Amino acid sequence: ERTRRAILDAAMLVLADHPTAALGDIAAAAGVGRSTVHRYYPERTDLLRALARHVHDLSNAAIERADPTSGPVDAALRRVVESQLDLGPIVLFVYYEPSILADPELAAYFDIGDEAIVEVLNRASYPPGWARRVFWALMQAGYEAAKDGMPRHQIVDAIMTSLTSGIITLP
Amino acid sequence: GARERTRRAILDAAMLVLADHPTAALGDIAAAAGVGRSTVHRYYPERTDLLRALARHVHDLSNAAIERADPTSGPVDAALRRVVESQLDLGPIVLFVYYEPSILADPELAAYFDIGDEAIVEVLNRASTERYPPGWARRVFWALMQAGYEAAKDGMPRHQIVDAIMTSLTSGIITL
Ligand SMILES: Nc1ccc2cc3ccc(N)cc3nc2c1
(Lines give C-alpha, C1' and ligand atoms only; values in the text may rest on other atoms or scores of the structure.)
Protein backbone atom coordinates (compact mmCIF):
# COMPACT_ATOMS: atom_id res chain seq x y z
CA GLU A 1 0.00 0.00 0.00
CA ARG A 2 2.81 2.46 0.80
CA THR A 3 4.63 1.71 -2.47
CA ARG A 4 1.40 1.99 -4.46
CA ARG A 5 0.79 5.32 -2.77
CA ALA A 6 4.31 6.54 -3.54
CA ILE A 7 3.81 5.69 -7.22
CA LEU A 8 0.41 7.36 -7.55
CA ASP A 9 1.51 10.50 -5.67
CA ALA A 10 4.54 10.70 -7.97
CA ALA A 11 2.24 10.29 -10.96
CA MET A 12 0.09 13.18 -9.67
CA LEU A 13 3.12 15.41 -9.10
CA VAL A 14 4.80 14.60 -12.37
CA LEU A 15 1.94 14.32 -14.85
CA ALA A 16 0.29 17.52 -13.59
CA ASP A 17 3.19 19.46 -15.11
CA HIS A 18 4.55 17.01 -17.69
CA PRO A 19 1.64 15.01 -19.14
CA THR A 20 3.85 13.08 -21.53
CA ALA A 21 6.47 12.17 -18.89
CA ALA A 22 8.15 8.77 -19.24
CA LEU A 23 7.34 6.07 -16.71
CA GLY A 24 10.98 6.46 -15.72
CA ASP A 25 10.33 10.02 -14.56
CA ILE A 26 7.38 8.88 -12.50
CA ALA A 27 9.33 6.00 -10.93
CA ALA A 28 12.20 8.31 -10.02
CA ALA A 29 9.86 10.82 -8.37
CA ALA A 30 8.41 7.99 -6.28
CA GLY A 31 11.81 6.74 -5.22
CA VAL A 32 11.33 3.42 -7.01
CA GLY A 33 12.65 1.66 -10.11
CA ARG A 34 10.75 1.13 -13.36
CA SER A 35 10.27 -2.58 -12.66
CA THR A 36 8.49 -1.59 -9.46
CA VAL A 37 5.92 0.53 -11.31
CA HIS A 38 5.57 -2.25 -13.89
CA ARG A 39 4.84 -4.81 -11.18
CA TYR A 40 1.81 -2.78 -10.08
CA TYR A 41 0.87 -1.30 -13.45
CA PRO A 42 1.95 -3.43 -16.46
CA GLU A 43 0.77 -0.79 -18.96
CA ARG A 44 0.66 3.00 -18.96
CA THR A 45 -3.10 2.85 -19.22
CA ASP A 46 -3.20 0.77 -16.02
CA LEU A 47 -1.25 3.46 -14.19
CA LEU A 48 -3.36 6.29 -15.61
CA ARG A 49 -6.66 4.67 -14.57
CA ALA A 50 -5.33 3.88 -11.08
CA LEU A 51 -4.16 7.50 -10.91
CA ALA A 52 -7.60 8.74 -11.89
CA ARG A 53 -9.29 6.60 -9.27
CA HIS A 54 -6.88 7.84 -6.62
CA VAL A 55 -7.47 11.48 -7.57
CA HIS A 56 -11.23 11.00 -7.45
CA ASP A 57 -10.90 9.37 -4.01
CA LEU A 58 -8.86 12.35 -2.78
CA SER A 59 -11.49 14.69 -4.25
CA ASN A 60 -14.26 12.82 -2.39
CA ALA A 61 -12.30 12.93 0.88
CA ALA A 62 -11.85 16.69 0.47
CA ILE A 63 -15.59 17.08 -0.02
CA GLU A 64 -16.33 15.07 3.13
CA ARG A 65 -13.68 17.05 5.05
CA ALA A 66 -15.13 20.37 3.81
CA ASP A 67 -18.56 19.26 5.18
CA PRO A 68 -20.70 21.27 2.73
CA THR A 69 -24.02 21.11 4.60
CA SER A 70 -22.47 22.44 7.81
CA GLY A 71 -22.99 26.13 8.60
CA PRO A 72 -23.71 29.07 6.25
CA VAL A 73 -23.64 28.26 2.53
CA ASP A 74 -21.12 30.92 1.51
CA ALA A 75 -18.42 29.84 3.96
CA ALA A 76 -19.21 26.17 3.18
CA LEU A 77 -18.84 26.51 -0.61
CA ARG A 78 -15.59 28.38 -0.09
CA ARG A 79 -14.25 25.46 1.99
CA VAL A 80 -15.27 23.07 -0.79
CA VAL A 81 -13.73 25.20 -3.51
CA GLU A 82 -10.44 25.80 -1.62
CA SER A 83 -9.87 22.12 -0.95
CA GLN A 84 -10.83 21.02 -4.50
CA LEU A 85 -8.37 23.62 -5.87
CA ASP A 86 -5.62 22.19 -3.60
CA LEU A 87 -5.70 19.00 -5.77
CA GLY A 88 -4.05 21.02 -8.53
CA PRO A 89 -3.96 20.67 -12.32
CA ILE A 90 -3.75 16.85 -12.25
CA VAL A 91 -7.54 17.14 -12.20
CA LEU A 92 -7.49 18.67 -15.68
CA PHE A 93 -5.21 15.84 -16.78
CA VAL A 94 -7.51 13.10 -15.47
CA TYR A 95 -10.62 14.53 -17.11
CA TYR A 96 -8.98 15.31 -20.45
CA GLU A 97 -6.62 12.37 -21.14
CA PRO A 98 -8.75 10.36 -23.59
CA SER A 99 -7.77 6.85 -22.47
CA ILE A 100 -8.75 7.48 -18.86
CA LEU A 101 -12.50 8.08 -18.66
CA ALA A 102 -12.97 5.99 -21.81
CA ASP A 103 -13.33 3.12 -19.32
CA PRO A 104 -17.10 2.87 -18.53
CA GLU A 105 -16.51 1.39 -15.08
CA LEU A 106 -14.22 4.25 -14.06
CA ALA A 107 -16.56 6.81 -15.64
CA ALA A 108 -19.38 5.49 -13.45
CA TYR A 109 -17.20 5.65 -10.32
CA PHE A 110 -16.40 9.25 -11.25
CA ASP A 111 -20.09 10.17 -11.15
CA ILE A 112 -20.25 9.42 -7.41
CA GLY A 113 -19.29 11.63 -4.47
CA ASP A 114 -20.54 15.19 -4.83
CA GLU A 115 -24.08 14.65 -3.61
CA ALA A 116 -23.69 17.02 -0.65
CA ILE A 117 -22.43 19.82 -2.92
CA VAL A 118 -25.49 19.35 -5.06
CA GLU A 119 -27.70 19.52 -1.95
CA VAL A 120 -26.20 22.89 -0.99
CA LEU A 121 -26.48 24.32 -4.51
CA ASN A 122 -30.09 23.11 -4.47
CA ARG A 123 -30.74 24.81 -1.12
CA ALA A 124 -29.37 28.10 -2.44
CA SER A 125 -31.01 27.92 -5.88
CA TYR A 126 -32.55 25.14 -15.36
CA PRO A 127 -32.48 21.72 -17.09
CA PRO A 128 -31.79 18.49 -15.16
CA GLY A 129 -28.46 18.55 -13.32
CA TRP A 130 -27.39 21.84 -14.86
CA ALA A 131 -26.37 23.56 -11.60
CA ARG A 132 -24.03 20.64 -10.86
CA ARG A 133 -22.45 21.00 -14.30
CA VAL A 134 -21.97 24.74 -13.84
CA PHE A 135 -20.26 24.29 -10.48
CA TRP A 136 -17.65 21.89 -11.87
CA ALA A 137 -17.32 24.10 -14.97
CA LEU A 138 -16.34 27.00 -12.72
CA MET A 139 -13.97 24.63 -10.89
CA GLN A 140 -12.39 23.83 -14.26
CA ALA A 141 -11.79 27.50 -15.02
CA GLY A 142 -10.33 27.68 -11.51
CA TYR A 143 -7.79 24.93 -12.14
CA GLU A 144 -6.71 26.68 -15.33
CA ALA A 145 -6.29 29.98 -13.45
CA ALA A 146 -4.28 28.22 -10.74
CA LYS A 147 -2.16 26.81 -13.58
CA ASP A 148 -1.39 30.41 -14.53
CA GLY A 149 -0.12 30.99 -10.98
CA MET A 150 -3.12 33.03 -9.84
CA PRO A 151 -3.46 33.09 -6.02
CA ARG A 152 -6.02 30.73 -4.47
CA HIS A 153 -7.92 33.55 -2.80
CA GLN A 154 -8.60 35.37 -6.06
CA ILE A 155 -9.76 32.17 -7.78
CA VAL A 156 -12.12 31.36 -4.92
CA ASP A 157 -13.60 34.88 -5.07
CA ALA A 158 -14.00 34.62 -8.87
CA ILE A 159 -15.78 31.28 -8.54
CA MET A 160 -18.10 32.48 -5.78
CA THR A 161 -19.00 35.62 -7.73
CA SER A 162 -19.58 33.58 -10.88
CA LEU A 163 -21.89 31.19 -8.99
CA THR A 164 -24.06 34.04 -7.71
CA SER A 165 -23.90 36.55 -10.58
CA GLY A 166 -22.50 34.93 -13.74
CA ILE A 167 -19.75 36.74 -15.63
CA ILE A 168 -21.66 39.47 -17.47
CA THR A 169 -24.66 41.69 -16.81
CA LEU A 170 -27.01 42.39 -19.70
CA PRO A 171 -28.68 45.79 -20.18
CA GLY B 1 -8.56 18.35 -55.81
CA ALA B 2 -8.23 14.71 -54.77
CA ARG B 3 -5.74 15.32 -51.95
CA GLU B 4 -7.73 18.21 -50.48
CA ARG B 5 -10.86 16.06 -50.52
CA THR B 6 -9.07 13.09 -48.95
CA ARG B 7 -7.69 15.27 -46.16
CA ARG B 8 -11.17 16.67 -45.44
CA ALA B 9 -12.64 13.15 -45.43
CA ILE B 10 -10.07 11.92 -42.87
CA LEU B 11 -10.57 14.95 -40.62
CA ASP B 12 -14.36 14.73 -40.87
CA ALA B 13 -14.18 11.02 -40.00
CA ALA B 14 -11.88 11.78 -37.07
CA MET B 15 -14.30 14.40 -35.75
CA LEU B 16 -17.14 11.85 -35.70
CA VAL B 17 -15.24 8.76 -34.56
CA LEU B 18 -13.12 10.26 -31.79
CA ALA B 19 -16.13 12.04 -30.29
CA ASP B 20 -17.60 8.65 -29.34
CA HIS B 21 -14.52 6.46 -29.35
CA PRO B 22 -11.63 8.57 -27.99
CA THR B 23 -9.13 5.70 -28.18
CA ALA B 24 -9.97 4.75 -31.79
CA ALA B 25 -6.94 3.69 -33.84
CA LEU B 26 -5.82 5.62 -36.91
CA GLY B 27 -6.84 2.61 -39.03
CA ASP B 28 -10.33 2.71 -37.63
CA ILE B 29 -10.56 6.38 -38.58
CA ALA B 30 -9.28 5.44 -42.04
CA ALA B 31 -12.09 2.95 -42.51
CA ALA B 32 -14.69 5.56 -41.43
CA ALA B 33 -13.19 7.93 -44.03
CA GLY B 34 -13.41 5.31 -46.76
CA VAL B 35 -9.65 5.19 -47.28
CA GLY B 36 -6.96 2.59 -46.68
CA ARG B 37 -4.67 2.57 -43.66
CA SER B 38 -1.86 2.91 -46.19
CA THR B 39 -3.42 6.08 -47.59
CA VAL B 40 -4.05 7.65 -44.18
CA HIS B 41 -0.36 7.30 -43.33
CA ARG B 42 0.60 9.40 -46.37
CA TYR B 43 -1.45 12.17 -44.76
CA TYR B 44 -0.76 11.51 -41.07
CA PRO B 45 2.21 9.16 -40.42
CA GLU B 46 1.26 8.66 -36.77
CA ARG B 47 -1.98 8.96 -34.83
CA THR B 48 -0.61 11.91 -32.86
CA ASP B 49 -0.15 13.83 -36.16
CA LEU B 50 -3.84 13.36 -36.92
CA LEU B 51 -4.76 14.53 -33.42
CA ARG B 52 -2.83 17.79 -33.83
CA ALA B 53 -4.31 18.32 -37.33
CA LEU B 54 -7.86 17.70 -36.03
CA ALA B 55 -7.31 20.19 -33.21
CA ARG B 56 -6.08 22.80 -35.69
CA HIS B 57 -9.13 22.07 -37.90
CA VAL B 58 -11.61 22.42 -35.01
CA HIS B 59 -10.01 25.69 -33.85
CA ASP B 60 -10.38 26.86 -37.49
CA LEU B 61 -14.07 25.90 -37.47
CA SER B 62 -14.53 27.72 -34.19
CA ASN B 63 -13.10 30.94 -35.67
CA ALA B 64 -15.17 30.67 -38.82
CA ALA B 65 -18.30 30.06 -36.74
CA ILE B 66 -17.84 33.13 -34.54
CA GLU B 67 -17.41 35.16 -37.71
CA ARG B 68 -20.53 33.62 -39.31
CA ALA B 69 -22.58 34.60 -36.25
CA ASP B 70 -22.20 38.32 -37.13
CA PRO B 71 -21.28 38.86 -33.47
CA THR B 72 -21.67 42.64 -33.59
CA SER B 73 -24.98 42.93 -35.45
CA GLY B 74 -28.09 44.04 -33.55
CA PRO B 75 -29.11 43.59 -29.88
CA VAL B 76 -26.16 42.30 -27.84
CA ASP B 77 -28.19 39.57 -26.13
CA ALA B 78 -29.37 38.02 -29.40
CA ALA B 79 -25.84 38.40 -30.79
CA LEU B 80 -24.36 36.57 -27.79
CA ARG B 81 -26.97 33.84 -28.27
CA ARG B 82 -25.88 33.42 -31.91
CA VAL B 83 -22.26 33.10 -30.75
CA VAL B 84 -23.17 30.44 -28.19
CA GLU B 85 -25.13 28.51 -30.82
CA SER B 86 -22.30 28.79 -33.32
CA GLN B 87 -19.90 27.12 -30.85
CA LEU B 88 -22.38 24.57 -29.51
CA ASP B 89 -22.89 23.39 -33.09
CA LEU B 90 -19.22 22.36 -33.33
CA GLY B 91 -20.26 19.29 -31.33
CA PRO B 92 -18.61 17.15 -28.65
CA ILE B 93 -15.28 16.84 -30.52
CA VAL B 94 -14.45 20.10 -28.75
CA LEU B 95 -14.20 18.08 -25.50
CA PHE B 96 -11.57 15.95 -27.18
CA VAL B 97 -9.44 18.82 -28.53
CA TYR B 98 -9.85 21.60 -25.93
CA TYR B 99 -6.98 20.64 -23.58
CA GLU B 100 -4.90 18.90 -26.26
CA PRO B 101 -1.98 21.37 -26.34
CA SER B 102 -1.49 20.62 -22.64
CA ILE B 103 -2.16 16.90 -22.99
CA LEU B 104 0.42 16.63 -25.79
CA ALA B 105 2.77 19.20 -24.30
CA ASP B 106 2.65 20.94 -27.70
CA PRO B 107 3.44 24.68 -27.36
CA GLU B 108 3.06 25.05 -31.12
CA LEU B 109 -0.56 23.91 -30.92
CA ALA B 110 -1.04 26.23 -27.94
CA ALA B 111 0.18 29.13 -30.12
CA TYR B 112 -2.21 28.06 -32.87
CA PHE B 113 -5.19 28.06 -30.46
CA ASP B 114 -4.25 31.55 -29.26
CA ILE B 115 -5.11 33.13 -32.61
CA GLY B 116 -8.63 34.52 -32.54
CA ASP B 117 -9.15 33.62 -28.88
CA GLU B 118 -9.85 37.22 -27.79
CA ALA B 119 -12.92 37.68 -30.02
CA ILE B 120 -15.24 35.88 -27.57
CA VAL B 121 -13.99 38.11 -24.74
CA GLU B 122 -14.70 41.23 -26.81
CA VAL B 123 -18.18 39.91 -27.48
CA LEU B 124 -18.78 39.22 -23.76
CA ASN B 125 -17.35 42.50 -22.52
CA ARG B 126 -19.27 44.49 -25.05
CA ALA B 127 -22.49 42.81 -23.89
CA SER B 128 -21.83 43.64 -20.24
CA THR B 129 -22.69 46.75 -18.24
CA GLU B 130 -20.08 45.99 -15.55
CA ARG B 131 -16.48 44.76 -15.31
CA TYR B 132 -12.44 39.22 -12.62
CA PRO B 133 -8.78 38.15 -13.14
CA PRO B 134 -7.11 37.88 -16.60
CA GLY B 135 -8.60 35.19 -18.82
CA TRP B 136 -11.46 34.42 -16.41
CA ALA B 137 -14.28 35.24 -18.80
CA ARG B 138 -12.67 33.28 -21.61
CA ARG B 139 -12.18 30.20 -19.43
CA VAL B 140 -15.66 30.31 -17.97
CA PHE B 141 -17.17 30.67 -21.44
CA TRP B 142 -15.40 27.57 -22.67
CA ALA B 143 -16.07 25.61 -19.49
CA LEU B 144 -19.77 26.34 -19.82
CA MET B 145 -19.67 25.41 -23.51
CA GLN B 146 -18.27 22.02 -22.53
CA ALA B 147 -20.96 21.57 -19.90
CA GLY B 148 -23.18 22.16 -22.93
CA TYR B 149 -21.56 19.43 -25.04
CA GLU B 150 -21.84 17.04 -22.10
CA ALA B 151 -25.50 17.86 -21.53
CA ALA B 152 -26.06 17.26 -25.25
CA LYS B 153 -24.54 13.78 -25.10
CA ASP B 154 -26.99 13.26 -22.21
CA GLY B 155 -30.00 14.04 -24.39
CA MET B 156 -30.61 17.67 -23.46
CA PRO B 157 -32.23 19.54 -26.39
CA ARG B 158 -30.14 22.16 -28.20
CA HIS B 159 -32.48 25.08 -27.49
CA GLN B 160 -32.51 24.30 -23.75
CA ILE B 161 -28.72 24.07 -23.54
CA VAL B 162 -28.44 27.46 -25.23
CA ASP B 163 -30.92 28.98 -22.75
CA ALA B 164 -29.00 27.47 -19.81
CA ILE B 165 -25.61 28.63 -21.02
CA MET B 166 -27.05 32.11 -21.62
CA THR B 167 -28.60 32.21 -18.13
CA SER B 168 -25.40 30.93 -16.49
CA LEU B 169 -23.29 33.59 -18.26
CA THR B 170 -25.59 36.46 -17.28
CA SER B 171 -26.87 35.45 -13.81
CA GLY B 172 -25.14 32.39 -12.36
CA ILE B 173 -26.99 29.63 -10.45
CA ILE B 174 -27.35 30.37 -6.73
CA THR B 175 -28.23 33.20 -4.39
CA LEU B 176 -26.42 33.86 -1.09
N1 LIG C 1 -17.05 18.16 -14.89
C2 LIG C 1 -17.48 17.41 -13.85
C3 LIG C 1 -18.75 16.86 -13.89
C4 LIG C 1 -19.21 16.09 -12.83
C5 LIG C 1 -18.40 15.85 -11.72
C6 LIG C 1 -18.86 15.07 -10.65
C7 LIG C 1 -18.02 14.86 -9.56
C8 LIG C 1 -18.43 14.08 -8.46
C9 LIG C 1 -17.56 13.88 -7.38
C10 LIG C 1 -16.29 14.46 -7.40
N11 LIG C 1 -15.45 14.28 -6.36
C12 LIG C 1 -15.89 15.24 -8.49
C13 LIG C 1 -16.74 15.43 -9.56
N14 LIG C 1 -16.34 16.19 -10.61
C15 LIG C 1 -17.13 16.41 -11.68
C16 LIG C 1 -16.66 17.18 -12.74
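First the proteins, then the strands, lettered A, B, ... as listed; each starts at 1. The basis for the numbers below is simple: all heavy atoms, side chains too, and nothing from hydrogens, waters or symmetry mates.
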- Hydrophobic cluster identity match, A/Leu13 and A/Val37, side-chain contacts under 4.5 Å: no
- Query: Are side-chain N/O atoms of A/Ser162 and B/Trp136 paired as donor and acceptor at under 3.5 Å?
  - Reply: yes
- Query: Using non-hydrogen atoms only, which part of A/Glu144 is less than 4.5 Å away from chain B: side chain, backbone, both, or neither?
  - Reply: both
- Message: Would you say that more than 12 heavy atoms from the other residues, nucleotides or ligands in this model lie under 6.0 Å from the CD of A/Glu115, or not?
- Response: yes
- Query: Are any side-chain N or O atoms of B/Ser128 and backbone N or O atoms of A/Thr169, one a donor and one an acceptor, separated by less than 3.5 Å?
  - Reply: yes
- By a 4.5 Å heavy-atom criterion (distance strictly below it), what part of B/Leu18 contacts chain A: side chain, backbone, both, or neither? neither
- Candidate pair A/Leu138 and B/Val140, rule side chain to side chain contact (heavy atoms under 4.5 Å, CB included), full reasoning: CA-CA 6 Å; A/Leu138 297 177; B/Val140 170; 3.8 Å; yes
- Note on the structure: The reported gap from CG in B/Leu176 to CG in A/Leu163 (rounded to nearest 0.5 angstrom) is 8.0 Å
- Task: Report, by ascending residue number, the residues of residues 26-36 of chain A in heavy-atom contact with chain B at a distance under 4.5 Å; give 'none' if the set is empty.
- Result: none
- Top contributor to chain B contacts, counting heavy-atom pairs under 4.5 Å, from A/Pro19, A/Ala137, A/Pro171, A/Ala124: A/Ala124
- Task: Check whether A/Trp136 and A/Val118 end up in the same hydrophobic cluster, where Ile, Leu, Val, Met, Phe, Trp and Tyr are linked by side-chain heavy atoms less than 4.5 Å apart.
- Result: no
- In terms of heavy-atom contacts, does CD1 of B/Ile115 have more than 12 from other residues, nucleotides or ligands at under 6.0 Å? no
- Query: Looking at B/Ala147 and A/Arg133, what are the two nearest heavy atoms and their distance?
  - Reply: O-CD, 3.8 Å
- Query: Can you say whether B/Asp163 sits under 4.5 Å from chain A via the side chain, the backbone, both, or neither, judging by heavy atoms?
  - Reply: neither
- Using non-hydrogen atoms only, which part of A/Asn122 is less than 4.5 Å away from chain B: side chain, backbone, both, or neither? neither
- At their closest point, which heavy atom of A/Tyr126 faces which heavy atom of B/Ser171, and how far apart are they? OH-OG, 4.2 Å
- Item | Sequence neighbours excluded - ring pair (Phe, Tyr, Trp, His ring centres under 6.0 Å) pairs with any residue from residues 140-161 of chain A | none
- chain B-proximal positions within residues 71-99 of chain A [heavy-atom distance under 4.5 Å]: A/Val73, A/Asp74, A/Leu77, A/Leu92, A/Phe93, A/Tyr96, A/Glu97, A/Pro98, A/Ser99
- Message: If you count heavy-atom pairs within less than 4.5 Å of chain B, which of A/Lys147, A/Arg123, A/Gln154 leads?
- Response: A/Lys147
- A/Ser125 OG to B/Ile173 CD1 distance, which is reported to the nearest 0.5 Å: 7.0 Å
- Task: Would you kindly confirm whether B/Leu109 and B/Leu61 end up in one hydrophobic cluster when ILVMFWY residues are joined by side chain heavy atoms under 4.5 Å apart?
- Result: no
- A/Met139 versus chain B, heavy atoms under 4.5 Å apart: side chain, backbone, both or neither? neither
- Task: Identify the heavy atoms of B/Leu124 and A/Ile168 that sit nearest to each other, and give their distance.
- Result: O-CG2, 3.5 Å
- Message: By the ring pair (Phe, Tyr, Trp, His ring centres under 6.0 Å) test, which pairs, at least two apart or in different chains, include something from residues 102-122 of chain B?
- Response: B/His59-B/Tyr112, B/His59-B/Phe113
